[PDB]
Amino acid sequence: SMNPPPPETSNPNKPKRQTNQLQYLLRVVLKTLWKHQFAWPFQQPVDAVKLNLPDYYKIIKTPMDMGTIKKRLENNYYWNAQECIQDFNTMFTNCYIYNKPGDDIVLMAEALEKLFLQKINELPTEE
Ligand SMILES: COc1nc2c(cc1-c1c(C)noc1C)ncc1[nH]c(=O)n(-c3ccccc3OC(F)(F)F)c12
């Protein structure tokens, strides 16, 4: 019982939108990171039960992962690119806060973040 509900990926009361920046975030940015060799620990919510991390959700109150982001993009959950970018940043930050510098998972997150920033640097202008 000790995992919280995952972050919502749909909401009938949240306005939905399709922009070329959000299309780019799904088709280029997420795609790039999703299939990367270090992606797998970030492809779903942290299962603190299975991973035996009892203190995870005592420390991390704003969980986020790429599985959630991918679904949010696919479901047109975001109104703009900044909402999505914020979620990626939350994911990386959680990893850096909970784990110690130099830990393998931190190195993995840093590699993904470097790639993320490279791709966001080339975010296209709005149509
Ligand atoms: C260590 O952080 C995470 N590990 C996850 C994991 C999530 C994390 C994680 C993240 C991301 N941010 O904080 C933590 C903790 N999800 C699944 C999974 N399966 C698995 O065997 N592992 C795993 C377990 C122990 C040591 C390393 C592990 O993965 C790693 F090599 F990639 F680092 C994980």
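When a ligand or atom number is given, it counts from 1 through the structure's own listing order. Counting begins at 1 with the first residue of the sequence.
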Hey, is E83 close enough to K14 for a salt bridge, meaning N to O under 4.0 Å? yes
Is the shortest side-chain N to carboxylate O distance from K70 to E74 below 4.0 Å? yes
Would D104 count as a contact of ligand 1 if the rule is a heavy atom under 4.0 Å away? no
Interfacing atoms of ligand 1 (cut-off 4.0 Å, heavy-atom, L53): 15 (C)
Near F42, which atoms of ligand 1 are under 4.0 Å from a heavy atom of that residue? 11 (C)
Counting heavy atoms under 4.0 Å, the part of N99 that contacts ligand 1 is side chain
Using a 4.0 Å heavy-atom threshold (strictly under), name the region of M91 that reaches ligand 1: side chain, backbone, both or neither. neither
For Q18, does the CD atom sit with more than 12 other heavy atoms under 6.0 Å from it, leaving out its own atoms? no
Considering residues, nucleotides and ligands other than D104, do more than 12 of their heavy atoms fall under 6.0 Å from its CG? no
Atom 26 (C) of ligand 1: any protein heavy atom closer than 4.0 Å: no
Determine if the distance from atom 5 (C) of ligand 1 to the closest protein heavy atom is below 4.0 Å. yes
Considering only protein heavy atoms, which is closest to atom 7 (C) of ligand 1, and at what distance to one decimal place? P41 O, 3.5 Å
Looking only at protein heavy atoms, which one is nearest to atom 24 (C) of ligand 1, and what is the separation? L51 CD2, 4.3 Å
Quick one: does any side-chain atom of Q43 pair with a main-chain N or O of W34 as donor and acceptor, under 3.5 Å? yes
At what distance, to the nearest 0.5 angstrom, does SG of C95 lie from CD1 of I60? 9.0 Å
How far does OH of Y98 sit from CD1 of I105, to the nearest 0.5 angstrom? 11.5 Å
Contact check: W40 vs ligand 1, nitrogen or oxygen atoms, below 3.5 angstrom: no
Just going by heavy-atom distances, which of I59, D47, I105 is nearest to atom 1 (C) of ligand 1? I105
Find out whether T9 and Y77 are in side-chain contact, i.e. whether some heavy atom of one side chain is under 4.5 Å from a heavy atom of the other. no
